[PDB]
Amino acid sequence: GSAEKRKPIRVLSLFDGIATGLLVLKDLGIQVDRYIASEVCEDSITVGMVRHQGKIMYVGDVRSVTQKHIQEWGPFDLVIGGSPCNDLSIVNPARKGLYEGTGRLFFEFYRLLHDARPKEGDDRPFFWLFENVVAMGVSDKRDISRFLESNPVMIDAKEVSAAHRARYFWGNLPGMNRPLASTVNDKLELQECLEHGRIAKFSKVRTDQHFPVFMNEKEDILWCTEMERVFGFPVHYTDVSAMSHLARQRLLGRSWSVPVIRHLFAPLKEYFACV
């Protein structure tokens, strides 16, 4: 209840991927003091390095970040993260679960978040966000909710984009469960995402025996630019680092839906400096 000039936001982003968080914060006009990202995939690091002009400070493997590092690099105002899901998804019959394999990476989040939260008696605003898949074991979801002391919000990107993408979002961001706004920028239909001379079989996309686009006489799969449009990224956002079409598709498949993250981040504008 006291007055002070609003300051730019300080972000710790774990499992950053293609820097969707920084992109969304920039798109909202929120000034970013600093943006520390933990990421191991070199292609994703190159995407974030190029597209944001060396602003991101990369720190490598999340398991190489100590509590002392969080204290010395901080304070942080926002801690975001979406850990790998291959060992959480029920589609994988070889899944090792939340506690083994790559699932236990979640606990790294749980670790660093606890290292990053303000000490008791510090009333400064502090927000965090953890994302993962809906198609996980019920026990895994219960245990994540237990460790994070929060029940998740289910958001499907199909409501504000042309992609079937239901995800769980744990966090304390203001108004996470509030209804999503369908604006004019939203490309609700797959047809709006296709390149010239292509027709969409379906209205929305799924994560076989389906080539979701027709071109002239032939069937065809989605292109990376059209997938970027589907996921809400700028066109040619992932056109860096000389990677194959399949690697680019992999990167886009693991990412966050840009409009969903924009919806989740929008209330931050009333807490931090805005350009």
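One rule holds for the numbers: they count along the sequence shown, beginning at 1.
- In this entry, residue 64 and residue 65 are joined directly, with no residue of the deposited sequence lacking coordinates between them.
- As recorded in the PDB entry, 180-188 is the stretch of 180-188 and 146-154 with the greater mean C-alpha temperature factor.
- 29-37 and 209-217 differ in mean CA B-factor, and the higher of the two is recorded for 209-217.
- Among 171, 74, 125, 101, the highest C-alpha B-factor recorded in the PDB entry belongs to 101.
- Between the residues 70, 222, 59, 56, the entry's highest C-alpha temperature factor is the one at 222.
- When the CA B factors of the chain's modelled residues are split into thirds, the value for residue 6 lands in the middle one.
- In this PDB entry, residue 250 carries a Cα temperature factor that places it within the highest third of its chain's modelled residues.
- When all modelled residues of the chain are sorted by CA temperature factor, residue 202 is found within the highest third.
- In the deposited entry, the Cα temperature factor of residue 81 places it in the lowest third of its chain's modelled residues.
- Among all modelled residues in its chain, residue 116 ranks in the lowest third by Cα B-factor.
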